[PDB]
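With PDB, N, CA and C atoms inside, this is query_8.pdb:
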ATOM      1  N   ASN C   1      21.280   5.682  -8.335  1.00  0.00           N
ATOM      2  CA  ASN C   1      19.919   6.003  -7.831  1.00  0.00           C
ATOM      3  C   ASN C   1      19.973   6.553  -6.409  1.00  0.00           C
ATOM      4  N   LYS C   2      19.490   7.778  -6.235  1.00  0.00           N
ATOM      5  CA  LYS C   2      19.482   8.417  -4.925  1.00  0.00           C
ATOM      6  C   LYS C   2      18.497   7.727  -3.987  1.00  0.00           C
ATOM      7  N   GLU C   3      17.209   7.958  -4.216  1.00  0.00           N
ATOM      8  CA  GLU C   3      16.166   7.357  -3.392  1.00  0.00           C
ATOM      9  C   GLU C   3      14.835   7.329  -4.134  1.00  0.00           C
ATOM     10  N   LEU C   4      14.900   7.151  -5.451  1.00  0.00           N
ATOM     11  CA  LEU C   4      13.703   7.102  -6.280  1.00  0.00           C
ATOM     12  C   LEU C   4      14.073   6.932  -7.751  1.00  0.00           C
ATOM     13  N   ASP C   5      13.895   5.719  -8.258  1.00  0.00           N
ATOM     14  CA  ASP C   5      14.207   5.419  -9.650  1.00  0.00           C
ATOM     15  C   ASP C   5      13.052   5.826 -10.562  1.00  0.00           C
ATOM     16  N   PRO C   6      13.278   5.834 -11.887  1.00  0.00           N
ATOM     17  CA  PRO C   6      12.246   6.207 -12.861  1.00  0.00           C
ATOM     18  C   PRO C   6      11.152   5.149 -12.980  1.00  0.00           C
ATOM     19  N   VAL C   7      10.495   4.858 -11.862  1.00  0.00           N
ATOM     20  CA  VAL C   7       9.425   3.868 -11.831  1.00  0.00           C
ATOM     21  C   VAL C   7       8.898   3.687 -10.412  1.00  0.00           C
ATOM     22  N   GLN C   8       9.815   3.584  -9.454  1.00  0.00           N
ATOM     23  CA  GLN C   8       9.442   3.413  -8.054  1.00  0.00           C
ATOM     24  C   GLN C   8       8.501   4.528  -7.606  1.00  0.00           C
ATOM     25  N   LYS C   9       8.630   5.693  -8.234  1.00  0.00           N
ATOM     26  CA  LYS C   9       7.787   6.835  -7.902  1.00  0.00           C
ATOM     27  C   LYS C   9       6.316   6.498  -8.109  1.00  0.00           C
ATOM     28  N   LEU C  10       6.021   5.801  -9.202  1.00  0.00           N
ATOM     29  CA  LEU C  10       4.651   5.409  -9.511  1.00  0.00           C
ATOM     30  C   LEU C  10       4.057   4.587  -8.371  1.00  0.00           C
ATOM     31  N   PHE C  11       4.926   3.895  -7.638  1.00  0.00           N
ATOM     32  CA  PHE C  11       4.499   3.071  -6.516  1.00  0.00           C
ATOM     33  C   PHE C  11       3.921   3.927  -5.403  1.00  0.00           C
ATOM     34  N   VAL C  12       4.716   4.869  -4.907  1.00  0.00           N
ATOM     35  CA  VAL C  12       4.260   5.759  -3.848  1.00  0.00           C
ATOM     36  C   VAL C  12       2.963   6.448  -4.258  1.00  0.00           C
ATOM     37  N   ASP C  13       2.757   6.566  -5.566  1.00  0.00           N
ATOM     38  CA  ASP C  13       1.553   7.186  -6.096  1.00  0.00           C
ATOM     39  C   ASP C  13       0.484   6.132  -6.379  1.00  0.00           C
ATOM     40  N   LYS C  14       0.690   4.920  -5.861  1.00  0.00           N
ATOM     41  CA  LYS C  14      -0.266   3.844  -6.043  1.00  0.00           C
ATOM     42  C   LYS C  14      -0.858   3.487  -4.699  1.00  0.00           C
ATOM     43  N   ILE C  15      -0.022   3.540  -3.670  1.00  0.00           N
ATOM     44  CA  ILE C  15      -0.493   3.260  -2.331  1.00  0.00           C
ATOM     45  C   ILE C  15      -1.302   4.449  -1.815  1.00  0.00           C
ATOM     46  N   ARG C  16      -1.146   5.593  -2.460  1.00  0.00           N
ATOM     47  CA  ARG C  16      -1.905   6.762  -2.071  1.00  0.00           C
ATOM     48  C   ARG C  16      -3.197   6.813  -2.875  1.00  0.00           C
ATOM     49  N   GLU C  17      -3.444   5.754  -3.650  1.00  0.00           N
ATOM     50  CA  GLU C  17      -4.640   5.670  -4.468  1.00  0.00           C
ATOM     51  C   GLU C  17      -5.566   4.552  -3.981  1.00  0.00           C
ATOM     52  N   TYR C  18      -5.000   3.594  -3.265  1.00  0.00           N
ATOM     53  CA  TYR C  18      -5.773   2.485  -2.724  1.00  0.00           C
ATOM     54  C   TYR C  18      -6.094   2.742  -1.252  1.00  0.00           C
ATOM     55  N   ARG C  19      -5.222   3.496  -0.577  1.00  0.00           N
ATOM     56  CA  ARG C  19      -5.430   3.823   0.826  1.00  0.00           C
ATOM     57  C   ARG C  19      -6.363   5.014   0.924  1.00  0.00           C
ATOM     58  N   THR C  20      -6.304   5.854  -0.100  1.00  0.00           N
ATOM     59  CA  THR C  20      -7.148   7.033  -0.184  1.00  0.00           C
ATOM     60  C   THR C  20      -8.617   6.624  -0.181  1.00  0.00           C
ATOM     61  N   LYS C  21      -8.915   5.508  -0.847  1.00  0.00           N
ATOM     62  CA  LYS C  21     -10.282   5.007  -0.921  1.00  0.00           C
ATOM     63  C   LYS C  21     -10.763   4.538   0.449  1.00  0.00           C
ATOM     64  N   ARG C  22      -9.877   3.877   1.187  1.00  0.00           N
ATOM     65  CA  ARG C  22     -10.209   3.376   2.515  1.00  0.00           C
ATOM     66  C   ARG C  22     -10.481   4.527   3.480  1.00  0.00           C
ATOM     67  N   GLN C  23      -9.866   5.676   3.215  1.00  0.00           N
ATOM     68  CA  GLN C  23     -10.042   6.851   4.060  1.00  0.00           C
ATOM     69  C   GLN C  23     -11.517   7.233   4.167  1.00  0.00           C
ATOM     70  N   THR C  24     -12.091   7.671   3.048  1.00  0.00           N
ATOM     71  CA  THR C  24     -13.496   8.071   3.000  1.00  0.00           C
ATOM     72  C   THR C  24     -13.819   9.102   4.083  1.00  0.00           C
ATOM     73  N   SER C  25     -14.145   8.627   5.283  1.00  0.00           N
ATOM     74  CA  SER C  25     -14.473   9.515   6.392  1.00  0.00           C
ATOM     75  C   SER C  25     -14.533   8.744   7.707  1.00  0.00           C
ATOM     76  N   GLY C  26     -13.626   7.787   7.868  1.00  0.00           N
ATOM     77  CA  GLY C  26     -13.593   6.992   9.081  1.00  0.00           C
ATOM     78  C   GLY C  26     -12.662   5.801   8.971  1.00  0.00           C
ATOM     79  N   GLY C  27     -11.494   5.905   9.595  1.00  0.00           N
ATOM     80  CA  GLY C  27     -10.530   4.821   9.551  1.00  0.00           C
ATOM     81  C   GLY C  27      -9.501   4.915  10.663  1.00  0.00           C
ATOM     82  N   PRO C  28      -8.277   4.409  10.431  1.00  0.00           N
ATOM     83  CA  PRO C  28      -7.205   4.445  11.432  1.00  0.00           C
ATOM     84  C   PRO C  28      -6.672   5.855  11.659  1.00  0.00           C
ATOM     85  N   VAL C  29      -5.970   6.039  12.778  1.00  0.00           N
ATOM     86  CA  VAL C  29      -5.389   7.335  13.141  1.00  0.00           C
ATOM     87  C   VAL C  29      -6.417   8.460  13.085  1.00  0.00           C
ATOM     88  N   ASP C  30      -6.111   9.570  13.757  1.00  0.00           N
ATOM     89  CA  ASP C  30      -7.006  10.722  13.776  1.00  0.00           C
ATOM     90  C   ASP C  30      -7.487  11.044  12.366  1.00  0.00           C
ATOM     91  N   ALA C  31      -6.648  10.733  11.382  1.00  0.00           N
ATOM     92  CA  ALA C  31      -6.981  10.971   9.987  1.00  0.00           C
ATOM     93  C   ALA C  31      -7.316  12.437   9.742  1.00  0.00           C
ATOM     94  N   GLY C  32      -6.594  13.322  10.422  1.00  0.00           N
ATOM     95  CA  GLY C  32      -6.824  14.744  10.264  1.00  0.00           C
ATOM     96  C   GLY C  32      -6.546  15.215   8.850  1.00  0.00           C
ATOM     97  N   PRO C  33      -6.264  16.514   8.661  1.00  0.00           N
ATOM     98  CA  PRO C  33      -5.983  17.073   7.341  1.00  0.00           C
ATOM     99  C   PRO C  33      -4.555  16.813   6.878  1.00  0.00           C
ATOM    100  N   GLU C  34      -3.719  16.300   7.775  1.00  0.00           N
ATOM    101  CA  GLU C  34      -2.337  16.006   7.428  1.00  0.00           C
ATOM    102  C   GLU C  34      -1.892  14.685   8.035  1.00  0.00           C
ATOM    103  N   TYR C  35      -2.840  13.770   8.151  1.00  0.00           N
ATOM    104  CA  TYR C  35      -2.583  12.438   8.676  1.00  0.00           C
ATOM    105  C   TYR C  35      -1.712  11.645   7.702  1.00  0.00           C
ATOM    106  N   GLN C  36      -1.427  12.229   6.532  1.00  0.00           N
ATOM    107  CA  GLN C  36      -0.623  11.565   5.505  1.00  0.00           C
ATOM    108  C   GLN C  36       0.547  10.813   6.123  1.00  0.00           C
ATOM    109  N   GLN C  37       1.019  11.315   7.254  1.00  0.00           N
ATOM    110  CA  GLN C  37       2.129  10.690   7.960  1.00  0.00           C
ATOM    111  C   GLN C  37       1.740   9.300   8.458  1.00  0.00           C
ATOM    112  N   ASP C  38       0.437   9.059   8.588  1.00  0.00           N
ATOM    113  CA  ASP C  38      -0.058   7.768   9.038  1.00  0.00           C
ATOM    114  C   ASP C  38      -0.357   6.872   7.840  1.00  0.00           C
ATOM    115  N   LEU C  39      -0.581   7.501   6.690  1.00  0.00           N
ATOM    116  CA  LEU C  39      -0.871   6.778   5.460  1.00  0.00           C
ATOM    117  C   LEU C  39       0.421   6.366   4.766  1.00  0.00           C
ATOM    118  N   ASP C  40       1.459   7.181   4.927  1.00  0.00           N
ATOM    119  CA  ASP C  40       2.751   6.891   4.321  1.00  0.00           C
ATOM    120  C   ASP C  40       3.494   5.844   5.138  1.00  0.00           C
ATOM    121  N   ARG C  41       3.249   5.847   6.444  1.00  0.00           N
ATOM    122  CA  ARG C  41       3.880   4.894   7.344  1.00  0.00           C
ATOM    123  C   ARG C  41       3.349   3.488   7.084  1.00  0.00           C
ATOM    124  N   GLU C  42       2.083   3.402   6.687  1.00  0.00           N
ATOM    125  CA  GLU C  42       1.463   2.116   6.398  1.00  0.00           C
ATOM    126  C   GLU C  42       1.908   1.606   5.036  1.00  0.00           C
ATOM    127  N   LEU C  43       1.943   2.502   4.056  1.00  0.00           N
ATOM    128  CA  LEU C  43       2.370   2.138   2.714  1.00  0.00           C
ATOM    129  C   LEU C  43       3.877   1.916   2.691  1.00  0.00           C
ATOM    130  N   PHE C  44       4.579   2.622   3.572  1.00  0.00           N
ATOM    131  CA  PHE C  44       6.024   2.499   3.672  1.00  0.00           C
ATOM    132  C   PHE C  44       6.400   1.102   4.156  1.00  0.00           C
ATOM    133  N   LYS C  45       5.511   0.489   4.935  1.00  0.00           N
ATOM    134  CA  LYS C  45       5.751  -0.850   5.456  1.00  0.00           C
ATOM    135  C   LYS C  45       5.889  -1.854   4.318  1.00  0.00           C
ATOM    136  N   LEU C  46       5.187  -1.598   3.217  1.00  0.00           N
ATOM    137  CA  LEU C  46       5.237  -2.478   2.057  1.00  0.00           C
ATOM    138  C   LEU C  46       6.660  -2.583   1.530  1.00  0.00           C
ATOM    139  N   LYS C  47       7.271  -1.433   1.255  1.00  0.00           N
ATOM    140  CA  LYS C  47       8.638  -1.393   0.746  1.00  0.00           C
ATOM    141  C   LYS C  47       9.558  -2.280   1.580  1.00  0.00           C
ATOM    142  N   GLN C  48       9.220  -2.444   2.856  1.00  0.00           N
ATOM    143  CA  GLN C  48      10.014  -3.272   3.756  1.00  0.00           C
ATOM    144  C   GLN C  48       9.733  -4.752   3.518  1.00  0.00           C
ATOM    145  N   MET C  49       8.478  -5.071   3.219  1.00  0.00           N
ATOM    146  CA  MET C  49       8.085  -6.454   2.961  1.00  0.00           C
ATOM    147  C   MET C  49       8.518  -6.869   1.562  1.00  0.00           C
ATOM    148  N   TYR C  50       8.495  -5.914   0.639  1.00  0.00           N
ATOM    149  CA  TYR C  50       8.892  -6.173  -0.737  1.00  0.00           C
ATOM    150  C   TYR C  50      10.400  -6.379  -0.829  1.00  0.00           C
ATOM    151  N   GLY C  51      11.133  -5.779   0.105  1.00  0.00           N
ATOM    152  CA  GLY C  51      12.576  -5.920   0.115  1.00  0.00           C
ATOM    153  C   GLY C  51      13.008  -7.331   0.460  1.00  0.00           C
ATOM    154  N   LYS C  52      12.187  -8.020   1.249  1.00  0.00           N
ATOM    155  CA  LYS C  52      12.485  -9.390   1.651  1.00  0.00           C
ATOM    156  C   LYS C  52      11.609 -10.380   0.889  1.00  0.00           C
ATOM    157  N   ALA C  53      10.404  -9.943   0.534  1.00  0.00           N
ATOM    158  CA  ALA C  53       9.469 -10.787  -0.199  1.00  0.00           C
ATOM    159  C   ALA C  53       9.843 -10.871  -1.676  1.00  0.00           C
ATOM    160  N   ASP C  54      10.498  -9.826  -2.177  1.00  0.00           N
ATOM    161  CA  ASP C  54      10.915  -9.780  -3.575  1.00  0.00           C
ATOM    162  C   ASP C  54       9.707  -9.735  -4.504  1.00  0.00           C
ATOM    163  N   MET C  55       8.622  -9.131  -4.028  1.00  0.00           N
ATOM    164  CA  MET C  55       7.399  -9.019  -4.818  1.00  0.00           C
ATOM    165  C   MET C  55       6.901 -10.394  -5.253  1.00  0.00           C
ATOM    166  N   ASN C  56       7.192 -11.407  -4.445  1.00  0.00           N
ATOM    167  CA  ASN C  56       6.772 -12.771  -4.746  1.00  0.00           C
ATOM    168  C   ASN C  56       5.343 -13.020  -4.277  1.00  0.00           C
ATOM    169  N   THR C  57       4.913 -12.267  -3.268  1.00  0.00           N
ATOM    170  CA  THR C  57       3.566 -12.408  -2.728  1.00  0.00           C
ATOM    171  C   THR C  57       2.567 -11.588  -3.536  1.00  0.00           C
ATOM    172  N   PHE C  58       2.925 -10.340  -3.817  1.00  0.00           N
ATOM    173  CA  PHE C  58       2.060  -9.449  -4.582  1.00  0.00           C
ATOM    174  C   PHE C  58       2.437  -9.471  -6.062  1.00  0.00           C
ATOM    175  N   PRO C  59       1.525  -9.940  -6.935  1.00  0.00           N
ATOM    176  CA  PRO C  59       1.783 -10.009  -8.377  1.00  0.00           C
ATOM    177  C   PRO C  59       1.996  -8.634  -8.997  1.00  0.00           C
ATOM    178  N   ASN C  60       1.546  -7.600  -8.297  1.00  0.00           N
ATOM    179  CA  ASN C  60       1.684  -6.231  -8.776  1.00  0.00           C
ATOM    180  C   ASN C  60       1.050  -5.262  -7.787  1.00  0.00           C
ATOM    181  N   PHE C  61       1.356  -5.456  -6.506  1.00  0.00           N
ATOM    182  CA  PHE C  61       0.813  -4.610  -5.441  1.00  0.00           C
ATOM    183  C   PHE C  61      -0.684  -4.390  -5.634  1.00  0.00           C
ATOM    184  N   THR C  62      -1.481  -5.308  -5.097  1.00  0.00           N
ATOM    185  CA  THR C  62      -2.932  -5.228  -5.217  1.00  0.00           C
ATOM    186  C   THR C  62      -3.556  -4.568  -3.991  1.00  0.00           C
ATOM    187  N   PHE C  63      -3.707  -5.339  -2.919  1.00  0.00           N
ATOM    188  CA  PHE C  63      -4.296  -4.829  -1.684  1.00  0.00           C
ATOM    189  C   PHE C  63      -5.714  -4.315  -1.926  1.00  0.00           C
ATOM    190  N   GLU C  64      -6.377  -4.855  -2.944  1.00  0.00           N
ATOM    191  CA  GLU C  64      -7.738  -4.438  -3.270  1.00  0.00           C
ATOM    192  C   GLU C  64      -8.303  -5.248  -4.435  1.00  0.00           C
ATOM    193  N   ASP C  65      -7.454  -5.551  -5.413  1.00  0.00           N
ATOM    194  CA  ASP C  65      -7.874  -6.317  -6.584  1.00  0.00           C
ATOM    195  C   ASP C  65      -8.678  -7.554  -6.179  1.00  0.00           C
ATOM    196  N   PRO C  66      -9.496  -8.089  -7.102  1.00  0.00           N
ATOM    197  CA  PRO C  66     -10.322  -9.273  -6.838  1.00  0.00           C
ATOM    198  C   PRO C  66      -9.499 -10.553  -6.726  1.00  0.00           C
ATOM    199  N   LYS C  67      -8.243 -10.493  -7.164  1.00  0.00           N
ATOM    200  CA  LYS C  67      -7.358 -11.651  -7.108  1.00  0.00           C
ATOM    201  C   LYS C  67      -7.347 -12.267  -5.711  1.00  0.00           C
ATOM    202  N   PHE C  68      -7.631 -11.444  -4.706  1.00  0.00           N
ATOM    203  CA  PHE C  68      -7.657 -11.906  -3.324  1.00  0.00           C
ATOM    204  C   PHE C  68      -8.708 -12.995  -3.129  1.00  0.00           C
ATOM    205  N   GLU C  69      -9.712 -13.011  -4.002  1.00  0.00           N
ATOM    206  CA  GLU C  69     -10.780 -14.003  -3.922  1.00  0.00           C
ATOM    207  C   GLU C  69     -10.215 -15.418  -4.000  1.00  0.00           C
ATOM    208  N   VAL C  70      -9.851 -15.966  -2.845  1.00  0.00           N
ATOM    209  CA  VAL C  70      -9.294 -17.311  -2.780  1.00  0.00           C
ATOM    210  C   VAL C  70      -9.917 -18.110  -1.639  1.00  0.00           C
ATOM    211  N   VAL C  71     -10.032 -17.478  -0.475  1.00  0.00           N
ATOM    212  CA  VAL C  71     -10.611 -18.128   0.694  1.00  0.00           C
ATOM    213  C   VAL C  71     -11.358 -17.121   1.566  1.00  0.00           C
ATOM    214  N   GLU C  72     -12.312 -16.420   0.963  1.00  0.00           N
ATOM    215  CA  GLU C  72     -13.100 -15.425   1.682  1.00  0.00           C
ATOM    216  C   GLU C  72     -14.252 -16.084   2.435  1.00  0.00           C
ATOM    217  N   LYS C  73     -14.097 -16.212   3.750  1.00  0.00           N
ATOM    218  CA  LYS C  73     -15.125 -16.822   4.587  1.00  0.00           C
ATOM    219  C   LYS C  73     -14.666 -16.904   6.043  1.00  0.00           C
ATOM    220  N   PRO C  74     -13.488 -17.504   6.290  1.00  0.00           N
ATOM    221  CA  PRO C  74     -12.944 -17.643   7.646  1.00  0.00           C
ATOM    222  C   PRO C  74     -12.884 -16.310   8.384  1.00  0.00           C
ATOM    223  N   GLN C  75     -12.988 -16.368   9.708  1.00  0.00           N
ATOM    224  CA  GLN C  75     -12.945 -15.164  10.531  1.00  0.00           C
ATOM    225  C   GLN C  75     -11.624 -14.424  10.346  1.00  0.00           C
ATOM    226  N   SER C  76     -10.528 -15.079  10.713  1.00  0.00           N
ATOM    227  CA  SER C  76      -9.204 -14.483  10.587  1.00  0.00           C
ATOM    228  C   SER C  76      -9.098 -13.209  11.420  1.00  0.00           C
TER     229      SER C  76
END

Final structure tokens representation of the file:
Amino acid sequence: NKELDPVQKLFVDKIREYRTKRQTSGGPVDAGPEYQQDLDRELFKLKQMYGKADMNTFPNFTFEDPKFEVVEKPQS
């Protein structure tokens, strides 16, 4: 495997589907027409956490799913 197996690709195409929604028209970074470099850097951070987390925290990379509904109330 060079740098993308027959599946990992779907991942990069998943973080660009959940972050894309957050974009809308007002978020982090200038968010210009090619801010993708700021969106990939954020999603790229996951691959780093998954490398040590072993996907033990995320049942299937959610970051939006309702599964988060566990303790919604505290400021945090």

Evaluate the PyMOL selection byres ((chain C and resi 10-19) around 8) and report residues as JSON, numbers by chain: {"C": [5, 6, 7, 8, 9, 20, 21, 22, 23, 24, 39, 40, 42, 43, 44, 61, 62, 63, 64]}

Which of chain C fall in helix (DSSP H, G or I), as a PyMOL selection string: chain C and resi 8-12+15-23+36-53+66-68

d(CA of residue 46 in chain C, CA of residue 60 in chain C) in Å: 12.0 Å

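One finds atom N of residue 71 in chain C at 15.8 Å from atom C of residue 58 in chain C.
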
Atomic separation - atom C of residue 37 in chain C relative to atom N of residue 49 in chain C, Å: 16.7 Å
